[PDB]
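Input: a single structure, listed below in structure tokens.
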Protein chains: 2
Amino acid sequence: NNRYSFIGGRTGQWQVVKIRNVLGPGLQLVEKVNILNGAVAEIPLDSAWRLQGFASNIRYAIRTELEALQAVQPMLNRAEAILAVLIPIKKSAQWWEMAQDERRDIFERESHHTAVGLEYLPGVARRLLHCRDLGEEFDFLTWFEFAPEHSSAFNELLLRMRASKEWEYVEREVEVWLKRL
Amino acid sequence: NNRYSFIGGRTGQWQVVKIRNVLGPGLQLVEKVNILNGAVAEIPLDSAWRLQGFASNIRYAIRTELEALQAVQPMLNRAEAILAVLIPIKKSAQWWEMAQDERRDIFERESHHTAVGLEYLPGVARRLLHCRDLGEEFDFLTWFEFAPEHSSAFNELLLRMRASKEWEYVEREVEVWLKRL
Ligand code: HEM
Ligand code: HEM
Ligand SMILES: [Cl-]
Ligand SMILES: [Cl-]
């Protein structure tokens, strides 16, 4: 199954440490996030919100970037990676109507997304889910996990991404910080 | 709603003229195709199959290409566009694991998909839907409609595309030919 669901409420494998409502309407604070590998139609009881998305193909990265990533990126579920952060993102209509060279140019040529992210590996593990195509309120679910040593660096990465040209198209962002139970 | 459904069976706005099972397991012949702008979970009565897909953002076209397309491409549902073809396509795992530069290059640099397709406009109208990300048996549903004067041309276009480098990655294909009721 390529589909993943995230349920904020009273049960799950993860404890909510905090939520930061960076841009746009926020998400309700909950005790726990429950993560599931499947679609969930039936909104669980005592649950405040459901996010979902799917794992998909590469949209921007070129072969050499892929090779560079594969050489250093960590797997998910390292025993040390007890902190995680879920970050939903929505981009503007003006971004989606742009052609594929335009978007590519803003993503790497101008914003150096891949080159910047590479500096935070192997400390940081990541997964990217897509959800615009499902009718969701957000366009993406981003997932990051790392050992506590790396929390500082991760915060530094967030402030850099948000200073890029790419982030000018971002109209909605929440940080859900988590601790593995 | 970005989601479109196509049910083969005994009702619909389109009459099946023929089905050609070009490559891989085919689709059951039926009398009609019903086309709905939403999901359909409830497998309709006396229906052989259901295909679905969503409209999405541009994946390969650059700005200059988009501009050429917009100069000439016809709208859907022109009075004279009484013939239609629905063509589901699946591409190989080996296609999907390639990077974004690699697929772009096979699609345009080697195959000239857009340049070739542009020679058949404005006779031919088209819609493109994606469905690998939904877990369908096909990766894409393609939709073409035109007046009968353009049938022979459309047939020439199919044979050109299928000789392309792109089409070496196609592992499943069906043409469903239709007539508007
Ligand atoms: C930690 C190191 C990071 C690396 C190595 C990295 C790498 C990448 C790469 C290579 C892609 C492109 C995937 C593709 O071609 O389909 C991507 C996409 C994305 N990344 Fe990152 N990333 C990192 C961190 C982050 C962070 C912190 C955020 C947001 C807070 C983020 C948000 C995104 C988004 C939203 C996309 C999808 C872009 C789109 O389709 O418009 N990434 N990331
Ligand atoms: C009639 C003129 C045609 C034009 C102008 C045309 C144009 C295009 C364009 C510009 C794209 C890229 C969309 C994007 O960047 O997201 C595309 C994708 C596609 N076209 Fe065509 N097309 C034509 C005919 C056909 C035909 C006859 C077929 C199949 C029999 C076909 C199959 C496809 C498929 C499968 C894709 C998606 C490729 C992918 O995302 O991997 N096209 N078409
Ligand atoms: Cl990823
Ligand atoms: Cl289209």
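Don't worry about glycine lacking a Cβ; one is built from the backbone with ideal geometry, like all the others, and counts go over all protein chains shown. Here, each number is a calculation from the coordinates, and none is a lab measurement.
So what's chain B giving for Cα Rg divided by 2.2 N^0.38 Å, two decimals?
This ratio for chain B stands at 1.01.
Projected onto the charge dipole of the protein assembly as shown (+1 at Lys/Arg Cβ, -1 at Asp/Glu Cβ, origin at the Cα centre), which of A:89, B:54, B:113 gives the Cα projection farthest towards the positive end?
B:54
Which of A:26, A:181, A:40 sits farthest toward the positive end of the charge dipole of chain A, with +1 on the Cβ of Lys and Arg and -1 on the Cβ of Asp and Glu?
Positive-most Cα among the choices belongs to A:181.
Hey, what angle do you get for helix A:151-161 against the long axis of chain A, alpha-carbon based, 0 to 90 degrees rounded to 10?
Once rounded, the angle reads 50 degrees.
Mind checking the dipole of chain A: about its Cα centre, +1 per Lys or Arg Cβ, -1 per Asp or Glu Cβ, Debye to the nearest 20?
With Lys and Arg at +1 and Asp and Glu at -1, about 440 debye.
On a 0 to 90° scale, report how tilted helix B:63-72 is relative to the longest principal axis of chain B, with both axes built from alpha carbons and the result rounded to the nearest 10.
50 degrees
Please go through region A:76-181 and write out the trypsin sites (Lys or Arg not before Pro) that DSSP classes as loop and that have at most 16 other C-beta atoms within 10 Å.
Loop-located and lightly packed - A:78, A:162, A:165.
For chain A, what is the mean residue ellipticity at 222 nm derived from helices alone (per DSSP H run of n ≥ 4: -39500 (n - 2.57); sum divided by total residues; nearest 500 deg cm²/dmol)?
Per the formula, -5000 deg cm²/dmol.
If you place +1 on the Cβ of every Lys and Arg and -1 on the Cβ of every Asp and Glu, how big does the dipole about the Cα centre of region A:40-99 come out, in debye to the nearest 20?
For region A:40-99, the charge dipole is close to 140 debye.
Tell me the distances, shortest first, between residue B:78 and the same position across the other copies, using label points 7 Å along Cα→Cβ, in nm to one decimal.
Here residue B:78 shows inter-copy label distances of 5.8 nm.
Please report the base-10 log of the normalised intensity I(q)/I(0) for the protein assembly as shown, using a Debye sum with one equal scatterer per alpha carbon and no solvent, at each q in 0.08, 0.13 (1/Å).
Values, matching the q order: -0.48, -1.14.
Express in whole angstrom the spacing between the alpha-carbon centres of region B:108-181 and region A:1-59.
Measuring centre to centre over Cα atoms gives 38 Å.
Please report how many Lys pairs in the protein assembly as shown have alpha carbons closer than 25 angstrom, counting only residues at least 8 apart along the chain or sitting on separate chains.
18
Shortest first, in nm, what separates the label point of residue A:31 from those of the same position in the other copies (7 Å along Cα→Cβ)?
Values, ascending and in nm: 5.8.
For the pair residue A:171/residue B:72, report the inter-label distance in nm, with labels modelled 7 Å from Cα in the Cβ direction.
Distance between label points: 3.4 nm.
About its Cα centre, how strong a charge dipole does the protein assembly as shown have in debye, to the nearest 20, once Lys and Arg get +1 and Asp and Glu get -1 at the Cβ?
Rounded to the nearest 20 debye, it is 680 debye.
Would you kindly work out, in nm and rounded to one decimal, the distances from the label point of residue A:57 to those of the same position in each other copy, ordered shortest first, with label points 7 Å along Cα-to-Cβ?
1.6
Take the Cα atoms of region B:89-181, find their three principal axes, and give me the spread along each one in whole Å, biggest first.
40, 29, 17
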